[PDB]
């Protein structure tokens, strides 16, 4: 009768399985710079924007022409093994990546066809920049909590090889200006990789990690500056999380944050007073893997044995929109 925050949390949703793929090919910003060196000179910038401003040593790329669906399929296979279940159990598959095979059909239907889902499995894509994986988890959770399905797959594969090729080669043309060159430059922090998660009704997977859900706030009036507005949005979203999830910063055990740049992380951790030891980071070697960053970090934590039963894990993203979501997992 009387609402309270805790009421809209999910009670019967768990994480049954989780996997990630690291893309194989390391590319350093050293190599990239040396390719860029003559156009650094030409325009006359002595600053190493990548290594020094952004703090990115290197990112990973695919070795072949891997399509988003290919990478998601691979991660999906691993996550079904992690969960110990066959594909015939899956009732929903959502694809959440920014990289997409086609305008249509959906990338989800391609991954579904690859894995061999049943004729009962519902499939669609969600797009929301870096927050989409959290969006897809929530959409699946609502079907699970209702009892419409028993298992769901949320997948995300990212490719940046073609982005680099076009952009690297603009940023060595004689006809490029500075406002041009500086804009294009952000393209070169992006990285490749993939992640997948199997979610389930908790009674099917007793004592699996629990997905409680979370909150979203937006500042779509905004669809130096991005950083400031991002932090302000995140502060407001943190209040909403206090109100629903009962969060205090000191009671949380990990912060799984979308992975952008050393300054952006720095600003985030200071502004909320977080112990940086509770914020695993991968941008400096993997670059920014977009919406796949969050589950990839969570999967790496699990695998390095860094999580334990009862840990409170905060998943959080600030994304173009602007949008900000925060959700809790209890390991």
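Residue numbers count along the first chain shown, from 1.
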>> What does the record say about the segment between residue 84 and residue 85: how many deposited residues are without coordinates (none, 1 to 3, 4 to 9, 10 or more)?
In response: none
> Comparing 180-188 with 76-84, which stretch shows the greater average C-alpha B-factor in the deposited entry?
Replying inline: 180-188
>> Tell me which stretch, 286-294 or 40-48, has the higher mean Cα B-factor listed in the entry.
In response: 40-48
> Which is it among 221, 138, 158, 125: the one with the largest CA B-factor in the entry?
Replying inline: 221
>> Maximum C-alpha temperature factor per the entry, among 23, 13, 307, 322, belongs to which one?
In response: 307
> Taking the C-alpha B-factors as the PDB entry records them, is residue 173 in the lowest, middle or highest third of its chain?
Replying inline: highest
>> Using only modelled residues of the chain, where does the Cα B factor of residue 299 rank: lowest third, middle third or highest third?
In response: middle
>> Please place residue 67 in the lowest, middle or highest third of its chain according to the CA B-factor in the PDB entry.
In response: middle
>> Quick check on the deposited entry: does the C-alpha B-factor of residue 330 sit in the lowest, middle or highest third of its chain?
In response: middle
> Among the modelled residues of its chain, does the C-alpha B-factor of residue 150 lie in the lowest, middle or highest third?
Replying inline: lowest
